[PDB]
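The structure appears right after this line, and notes come after that.
Chain letters run A, B, ... following the sequence lines, proteins first and then strands; every chain starts at 1. Quick note: numbers below take in every heavy atom, side chains included, and nothing from hydrogens, waters or symmetry partners.
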Amino acid sequence: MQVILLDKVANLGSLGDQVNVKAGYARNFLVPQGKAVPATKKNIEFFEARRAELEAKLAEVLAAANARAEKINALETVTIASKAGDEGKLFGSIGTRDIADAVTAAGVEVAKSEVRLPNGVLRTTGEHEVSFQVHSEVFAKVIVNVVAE
Amino acid sequence: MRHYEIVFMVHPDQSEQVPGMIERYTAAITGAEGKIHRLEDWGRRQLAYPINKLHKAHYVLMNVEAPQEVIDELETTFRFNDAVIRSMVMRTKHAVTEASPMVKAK
Amino acid sequence: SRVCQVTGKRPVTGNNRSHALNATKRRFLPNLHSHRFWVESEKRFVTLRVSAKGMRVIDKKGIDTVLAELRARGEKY
Amino acid sequence: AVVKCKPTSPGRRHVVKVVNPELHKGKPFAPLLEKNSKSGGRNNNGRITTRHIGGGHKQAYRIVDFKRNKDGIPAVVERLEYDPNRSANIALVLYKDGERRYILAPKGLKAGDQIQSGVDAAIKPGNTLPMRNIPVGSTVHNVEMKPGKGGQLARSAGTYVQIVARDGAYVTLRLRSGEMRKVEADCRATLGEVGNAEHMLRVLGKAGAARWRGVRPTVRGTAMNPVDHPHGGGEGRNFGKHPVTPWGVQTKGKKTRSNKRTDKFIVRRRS
RNA sequence: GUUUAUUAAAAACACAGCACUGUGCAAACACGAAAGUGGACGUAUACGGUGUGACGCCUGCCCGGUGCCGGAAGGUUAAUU
Ligand SMILES: [K+]
Ligand SMILES: [K+]
Ligand SMILES: [K+]
Ligand SMILES: [Mg+2]
Ligand SMILES: [Mg+2]
Ligand SMILES: [Mg+2]
Ligand SMILES: [Mg+2]
Ligand SMILES: [Mg+2]
Ligand SMILES: [Mg+2]
Ligand SMILES: [Mg+2]
Ligand SMILES: [Mg+2]
Ligand SMILES: [Mg+2]
Ligand SMILES: [Mg+2]
Ligand SMILES: [Mg+2]
Ligand SMILES: [Mg+2]
Ligand SMILES: [Mg+2]
Ligand SMILES: [Mg+2]
Ligand SMILES: [Mg+2]
């Protein structure tokens with residue numbers, strides 16, 4: 001499938017590329033997200049004129065992502081209380097829902113898919129590192145401390 | 001009322017939690033009107049053979065006088081606690097109070 | 001029924017022919033699959049029972065054109 | 001418990017029964033009862049799809065809590081009850097808020113015993129915990145394979161599974177068949193083994209006892225005619241064929257498992 | 001106990017018991033172009049198939065043939081190219 005990219009994607013190209021991808025890749029990912037559109041005559045022409053608009057919007061969202069990553073790095077310490085037994089071991093877990101709800105309690109809102117917990121789902125109490133991304137580039141970090149309820 | 005010698009070895013990554021263990025087990029004995037006769041925290045030391053692929057262990061020696069039922073609850077706690085890797089419960093004839101060789105030598 | 005919603009492909013009938021040319025009745029089925037298509041014009045997923053050929057037709061023409069043709073023939077989705 | 005009957009009649013000579021005097025002698029708990037009517041082994045086309053099913057005593061159904069999702073609330077065991085729908089006895093239990101439920105009866109449970117469910121329950125028989133919190137080596141029963149679905153493994157009388165390992169999000173279980181299976185660690189199980197372990201020691205003693213349980217006679221294939229069964233026919237007793245089902249599949253060794261979807265969860269097949 | 005309604009009631013069939021084998025649950029299997037349904041609101045002390053036929057004492061040798069299970073290094077081998 002001959003597709004035109006509406007944003008920079010992975011190792012395919014930047015905004016504006018007559019790229020040949022597999023049909024399942026175009027059909028199931030790149031078109032139902034706002035990342036690509038097929039190479040139709042109208043489509044081609046449309047993009048050409050909208051190229052400027054896109055470039056702009058493409059940036060306004062990287063600046064907002066950098067501002068949100070700056071607010072995450074300003075926050076830098078979030079506390080969650082949960083049930084822990086003896087030896088500092090959680091009977092439950094600290095979910096992505098709990099991390100996101102604690103971040104919304106600390107500041108302005110952050111949804112569920114933005115957290116990139118590298119090891120697990122925080123089965124023990126103590127100081128843990130959780131990554132947050134709001135774009136394809138920025139990878140900011142949060143110290144999370146779990147205390148006993 | 002019987003006299004017991006307790007030795008237990010904690011996994012060395014849990015050695016920061018061994019004052020919590022000692023105060024928990026001393027509270028459990030003294031809630032049953034028991035007496036602690038000797039408390040000794042030997043700390044980290046090397047093992048003669050590896051136990052669960054570990055070369056070191058934290059050692060705590062207790063000498064208590066307690067009922068049989070709270071002593072049985074103590075070894076059930078020992079069995080279901082993941083942090084302690086080995087323990088021994090021994091009957092002694094009388095209460096002992098004098099220092100063990102591994103604090104007498106230092 | 002085993003009908004592709006885009007192209008109208010149906011089971012048809014033919015013959016198994018053996019080496020000794022004995023003919024028995026047989027069917028040819030379409031390669032049907034249920035698939036969720038994203039429609040950019042109404043922010044929705046539309047599920048169609050479509051052949052793989054009709055999937056290639058949707059890839060060539062666009063989903064909105066094909067949904068306009070299905071609305072023309074009736075064939076609610 | 002296991003009692004031999006005196007030979008006062010030829011249908012009584014070989015009868016061996018099991019008696020449990022702690023089972024409740026009265027009527028069951030009515031709000032947990034439900035009608036279940038017999039099928040005769042017949043499906044919705046009215047055709048026999050399982051042979052040798054028909055008749056027997058009519059039975060009500062007891063709603064048994066296989067899920068055990070009333071977490072954090074203790075329950076005392078009110079009584080032990082006979083269940084006609086299964087080989088295990090059940091236990092009527094009463095929670096602290098007033099709710100009554102039926103559970104499967106484990107081996108060492110009696111009236112007045114306390115059970116609980118949840119992540120912080122104690123390790124004692126009759127308690128239900130997710131398998132992440134059950135220690136490795138324990139004997140458990142009523143085992144979920146999907147979290148929240150309800151117990152499906154080791155429900156029969158005297159059965160249990162062993163938790164032999166814990167690797168990440170999965171535990172390995174040794175089942176009663178002897179097979180080794182991965183199960184998600186967030187699935188629940190009940191500590192202990194299922195009671196009424198003497199159930200396999202009973203001897204029915206006569207044809208009518210199996211007719212009371214609702215099993216019709218099995219006719220051997222070699223007593224049939226060749227139109228009825230592949231084994232049928234012959235002048236006198238003949239065989240001379242490899243043993244097969246009535247639909248012709250070989251029945252003395254041929255494997256019939258074909259599920260490539262669950263093959264990733266089978267560690268070692270039974271032997 | 002069951003059977004050839006209408007020339008055969010028996011030593012035939014069934015039976016409790018025994019064994020082998022399949023089956024980890026969306027189970028095997030069965031009815032069904034399918035959806036589904038029985039199995040079962042059961043979960044290997046369970047269910048299906050097969051042979052034997054209370055019980056007592058027992059059940060020896062042969063894996064060359066046919067089947068089944070397991071192996072997979074080679075040899076041969078389809079569509080495709
Ligand atoms: K025969
Ligand atoms: K007769
Ligand atoms: K052979
Ligand atoms: Mg049967
Ligand atoms: Mg019963
Ligand atoms: Mg039989
Ligand atoms: Mg005959
Ligand atoms: Mg017929
Ligand atoms: Mg035949
Ligand atoms: Mg014959
Ligand atoms: Mg003969
Ligand atoms: Mg008679
Ligand atoms: Mg006659
Ligand atoms: Mg006659
Ligand atoms: Mg016979
Ligand atoms: Mg023989
Ligand atoms: Mg051989
Ligand atoms: Mg082979």
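- Both conditions, centre separation below 5.5 angstrom and plane angle below 30 degrees, do not jointly hold for the six-membered rings of E/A26 and E/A27.
- Distance from the side chain of D/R86 is smallest for E/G42 among the nucleotides E/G42, E/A14, E/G49.
- At E/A19 the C1'-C2'-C3'-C4' dihedral is positive, so the sugar adopts a north, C3'-endo-type conformation.
- As rounded to whole Å, 12 Å separates atom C1' of E/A40 from atom NZ of D/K38.
- With the nearest nucleotide of RNA chain E identified for both D/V244 and D/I266, D/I266 has the one nearer the 5' end.
- In terms of phosphate contacts, D/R216 brings no side-chain nitrogen or oxygen within less than 4.0 Å of OP1 or OP2 of E/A14.
- Across every strand in view, E/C57 sits unpaired, with no contact that passes the Watson-Crick or G-U test at under 3.5 angstrom.
- A stacking criterion of 5.5 Å and 30° is met by the six-membered base rings of adjacent nucleotides E/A30 and E/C31.
- Listed nucleotides: E/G38, E/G51, E/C25. Nearest to the side chain of D/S39: E/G38.
- Picking from E/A44, E/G48, E/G36 the nucleotide with the shortest atom distance to the side chain of D/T159 gives E/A44.
- Taking 4.0 angstrom as the limit, D/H141 places none of its side-chain polar atoms (N or O) nearer than this to OP1 or OP2 of E/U43.
- Classification of the E/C61/E/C62 step: stacked, the six-membered rings being closer than 5.5 Å at their centres and less than 30° apart in plane orientation.
- Rounded to the nearest Å, the gap between the P atom of E/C55 and that of E/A34 is 45 Å.
- Formation of a donor-acceptor pair under 3.5 Å by the D/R42 side chain with backbone atoms of D/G46 is not found in this model.
- At a cut-off of 3.5 angstrom, counting only N and O atoms as typed in the model, there is no donor on one side facing an acceptor on the other between the side-chain of D/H14 and the base of E/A16.
- Contact check, D/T262 against E/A26: no side-chain N or O comes under 4.0 Å of OP1 or OP2.
- Side-chain atoms of D/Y61 lie closest to E/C41 of the nucleotides E/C41, E/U37, E/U50.
- At E/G49, one or more side-chain N or O atoms of D/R51 fall inside 4.0 Å of OP1 or OP2 (strictly under the cut-off).
- Across all strands, D/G158 comes closer than 4.0 Å to base atoms (heavy-atom distances).
- Nearest to the side chain of D/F66, among E/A46, E/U23, E/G42, sits E/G42.
- With a 3.5 Å ceiling on both atom-pair distances, E/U4 lacks any Watson-Crick or G-U wobble partner.
- As a whole-Å value, the separation of D/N85 CG from E/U43 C1' is 14 Å.
- Note on D/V203: only backbone sugar-phosphate atoms sit closer than 4.0 angstrom, heavy atoms only; bases stay farther off.
- Within the shown strands, E/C18 is the pairing partner of E/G51 under the Watson-Crick or G-U definition, both distances less than 3.5 Å.
- For the neighbouring bases E/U52 and E/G53, a stacking contact is recorded, both ring-centre distance under 5.5 Å and ring-plane angle under 30° holding.
- Base-pair partner of E/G67: not found among the strands shown (Watson-Crick or G-U wobble, both distances under 3.5 Å).
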task = Start with the C-alpha distance between C/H35 and C/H33, add both sets of side-chain angles, then the distance that settles ring pair (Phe, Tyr, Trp, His ring centres under 6.0 Å), and finish with yes or no.
result = CA-CA 6 Å; C/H35 189 262; C/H33 295 104; 9.3 Å; no
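- Judged by the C1'-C2'-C3'-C4' torsion, the sugar of E/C25 sits on the south side, since the angle is negative.
- When distances are taken from the side chain of D/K254 to each of E/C69, E/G17, E/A30, the shortest belongs to E/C69.
- The pairing partner recorded for E/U23 is E/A46, the criterion being a Watson-Crick or G-U wobble arrangement whose two distances lie under 3.5 angstrom.
- Residues D/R101 and D/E99 are paired through a salt bridge, judged by an N-O separation under 4.0 Å between the basic side chain and the carboxylate.
- Between the side chains of A/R123 and A/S93, at least one donor N or O sits under 3.5 Å from an acceptor N or O.
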task = Start with the C-alpha distance between D/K182 and D/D167, add both sets of side-chain angles, then the distance that settles side-chain contact (heavy atoms from CB on, under 4.5 Å), and finish with yes or no.
result = CA-CA 9 Å; D/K182 258 104 164 53; D/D167 55 282; 2.9 Å; yes
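- Side-chain nitrogen and oxygen atoms of D/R220 include none within less than 4.0 Å of the OP1 or OP2 phosphate oxygen of E/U50.
- Phosphate contact (OP1/OP2 of E/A16, side-chain N/O of D/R13, threshold under 4.0 Å): absent.
- Base contact: D/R176 has a heavy atom under 4.0 Å from a base atom.
- By the stacking rule of 5.5 Å between ring centres and under 30° between planes, D/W247 does not stack on the base of E/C29.
- Within 4.0 Å of D/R237, counting heavy atoms only, lie sugar-phosphate atoms of the nucleic acid but no base atom.
- Judged by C1'-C2'-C3'-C4', the furanose ring of E/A16 adopts a north pucker.
- Between E/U23, E/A54, E/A16, one nucleotide has an atom nearer to the side chain of D/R257 than all others, and that is E/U23.
- The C1'-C2'-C3'-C4' torsion of E/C18 is positive. Its sugar is therefore classed as north.
- Applying the 3.5 Å distance criterion, the base of E/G24 shares a donor-acceptor pair with the side chain of D/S177.
- In this structure, D/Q152 reaches the E/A26 phosphate: one of its side-chain N or O atoms is under 4.0 Å from OP1 or OP2.
- In the model, D/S177 has no side-chain atom that pairs as donor or acceptor with a side-chain atom of D/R270 under 3.5 Å.
- Between C/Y77 and C/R71, the side chains place a donor N or O and an acceptor N or O closer than 3.5 Å (distance only, hydrogens not considered).
- Residue D/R47 places no side-chain N or O under 4.0 Å from the OP1 or OP2 atom of E/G38.
- Remark: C1' of E/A40 and CZ of D/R62 are 17 Å apart, rounded to the nearest angstrom.
- For D/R270, whose side chain is taken as the heavy atoms from C-beta onward, the closest listed nucleotide among E/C15, E/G51, E/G24 is E/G24.
- For the residue pair D/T159/D/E193, the side-chain donor-acceptor check at 3.5 Å is not satisfied.
- Annotated as syn: E/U4, whose glycosidic dihedral is within 90° of 0.
- At the heavy-atom level, D/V194 lies nowhere under 4.0 Å from the strands shown.
- Residue D/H231 has its side chain nearest to E/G51 when only E/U23, E/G49, E/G51 are considered.
- E/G49 sits 31 Å from E/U66 when the P atoms are compared, rounded to a whole Å.
- Taking atom CG of residue D/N43 and atom P of nucleotide E/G39, one finds them 9 Å apart after rounding to whole Å.
- A salt bridge is defined here as a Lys NZ or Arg NE, NH1 or NH2 lying under 4.0 Å from an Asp or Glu carboxylate O, and D/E34 with D/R62 fails to meet this definition.
- The side chain of D/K252 has E/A19 as its nearest neighbour among E/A19, E/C25, E/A46.
- In this structure, the NE2 atom of D/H242 is 17 Å from the P atom of E/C63, given to the nearest Å.
- No hydrogens or angles considered: a donor-acceptor pair under 3.5 Å links the side chains of D/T262 and D/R257.
- A 3.5 Å limit on both hydrogen-bonding distances identifies E/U37 as the Watson-Crick or G-U partner of E/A30.
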